[PDB]
Amino acid sequence: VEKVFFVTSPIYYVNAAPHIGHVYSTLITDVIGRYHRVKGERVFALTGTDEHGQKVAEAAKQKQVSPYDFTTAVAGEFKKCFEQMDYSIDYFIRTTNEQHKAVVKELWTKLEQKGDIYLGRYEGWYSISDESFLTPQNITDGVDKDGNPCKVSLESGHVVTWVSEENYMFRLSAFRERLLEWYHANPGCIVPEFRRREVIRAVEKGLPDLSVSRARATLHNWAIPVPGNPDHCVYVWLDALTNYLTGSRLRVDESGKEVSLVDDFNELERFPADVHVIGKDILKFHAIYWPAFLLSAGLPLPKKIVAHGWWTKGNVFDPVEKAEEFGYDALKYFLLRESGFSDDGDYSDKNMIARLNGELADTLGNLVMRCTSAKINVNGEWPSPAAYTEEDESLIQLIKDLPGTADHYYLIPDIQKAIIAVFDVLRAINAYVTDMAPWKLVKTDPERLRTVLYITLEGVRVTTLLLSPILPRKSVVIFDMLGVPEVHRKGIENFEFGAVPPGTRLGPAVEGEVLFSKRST
Ligand code: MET
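Letter by letter, the sequence shown follows residues 238 to 550, 560 to 767 in the entry's author numbering.
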């Protein structure tokens, strides 16, 4: 069924400045968005900020400034950061937005009418820093900034506090069977698979009901009032999760400002999310609470939740800084190549340089220069191939198979594997070039060079197309060197081998141009 491909990041708490975690989550969101746009689909990619709640209000009180001022400023820092990082997110949502607040009230009211919200009590542990309710099994002993004996979260290690409050309760327990049915009927709905197993095991064990309001004093009045009861505020997570629904309902202008909230999500064809990108730290909220709310409201469920191995929240790592040093595309490639769904990845300067030099410069960059060199490509054009050998055909087969292979990986989604698949083809092309030695062929066998050169050019085009969501700016430079017309830089038609006809002219040269400058050890 044709709809707008809808991909999201988490919305980030504004208690603190943007750092690598948020940049990474949003980068994944952006790449998925970009790949689907490259496929020729309609796309709406969403990111933003989570601005209410005890955590933010206490950060504001520490900084000695009003929550309104504080959130607006920090939100500004997130926007600047995401502009600097050269993402292509369609909209930046803030939970302080009045249209979002309206949507939250609608959803709350819907849950209440459905009978799924009642007045009760929460008495138990709470991590303010995670805005999370915890059972006694999920806490243990530890220390605070003052070095005092306190209780901490087993999840996150943050300080926990005992809360005893009359709260509005959501009947989460009533949704256990339906959630299990959903997980089992849609075994690709949570990625990676071991995180899916975790969610299933947790829900199988049983679900308590969930507090969805707090006393207003507790949150320093910095939250959305409960409809028909201004003594209570809406739980920051029901508030926050609802952003995906709000985003799905905002008409947005050319400048990126929201201009209108539609009544019916179907009008914009975005809801529900095709992919919610999150960190492992917020899996329960997105794979248990969120769908339970949607089930209560009779709203459609998201297709995929992908949870990565990082946390969303004297060893600094600043992505803007590193991008200015090593290059923006390069840095993005590294972050997406270096790690899959684990915390198991060497993010040092040494490894960054190793991948820059080895993969980007020596494998990709070298190859681009070879097939566009005046020495080898004497006519500065795509030549017409002669007859193919069996060796030619083996390389051609790999290039033809690549789009389907990379497509599946992108759709999982598993961006690391998609990159590896493309670079496996790039290594193969390099080896082919080394065996055919086109530099010798210029004098020896011009007819044979035509064939070798054409396959090389075409291999570079196809790999680069499939890499364009990862290296958005560098892909443009490469296509410019190859003289690939704009029309051939996107669309599934152009995944096919042979889409750029012989006789196409290469792009102009530059006196000492390089794609990726190698760096010292
Ligand atoms: C609805 S996604 C909310 C994410 C949360 N504010 C965090 O930073 O972990």
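The beta carbon of each residue, even a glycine, is placed where N, CA and C say it ideally should be.
Asked                                                                                                    : Found
Residues near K298 in its chain [Cβ-Cβ closer than 7 Å; skip 5 each side]                                : none
Uninterrupted beta strand (DSSP E) stretches inside the segment 428–493 (no shorter than 3 residues)     : 450–452, 466–471 and 487–489
With 16 other Cβ atoms within 10 Å as the buried cut-off, status of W527                                 : buried
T483 and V340 closer than 8 Å at C-beta                                                                  : yes
Coil, strand or helix - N740 by DSSP                                                                     : helix
Spatial distance of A600 from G586 (CA atoms)                                                            : 18 Å
Selected residue, minimal CA-CA separation from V562, among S588, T651, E349 and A254                    : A254
Sheet register partners of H545 (DSSP bridge)                                                            : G516
Near ligand 1: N503 beta-carbon under 7 Å from a heavy atom                                              : no
Three-state secondary structure assigned by DSSP to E392                                                 : coil
Per-residue burial, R331 [other beta carbons within 10 Å of its own, 16 or more giving buried]           : buried
Beta-ladder partner(s) of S401, from DSSP                                                                : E360
Close Cβ partners of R696 (< 7 Å) along its chain, the five nearest in sequence each way excluded        : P629, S630, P631 and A632
Bridge-paired residues (DSSP) for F407                                                                   : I354 and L447
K517 Cβ short of 7 Å to ligand 1 heavy atom set                                                          : no
First through last residue of the beta strand (DSSP E) which encompasses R279                            : It is not in any beta strand (DSSP E) - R279 carries neither H nor E in the DSSP assignment.
Segment limits, alpha helix (DSSP H) that includes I645                                                  : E636 to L657
Proximal residues to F522 (C-beta, below 7 Å), its chain only, five neighbours per side dropped          : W474 and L478
Continuous beta strand (DSSP E) assignments of at least 3 residues falling wholly in the segment 676–707 : none
Cβ neighbour criterion (16 or more within 10 Å) applied to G573                                          : buried
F329: first and last residue of the uninterrupted beta strand (DSSP E) it sits in                        : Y328 to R331
C-alpha gap between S763 and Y700, whole angstroms                                                       : 26 Å
Same chain, Cβ closer than 8 Å to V489, five either side skipped, listed in chain order                  : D327, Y328, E495 and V496
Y250 beta carbon near ligand 1 (any heavy atom closer than 7 Å)                                          : yes
Continuous beta strand (DSSP E) stretch holding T245: start and end                                      : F242 to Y250
Same chain only: Cβ atoms within 7 Å of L532, ignoring 5 sequence neighbours per side                    : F412 and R415
Distance cut-off 7 Å: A477 Cβ against heavy atoms of ligand 1                                            : yes
Whole-angstrom distance between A683 and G626, CA atom to CA atom                                        : 18 Å
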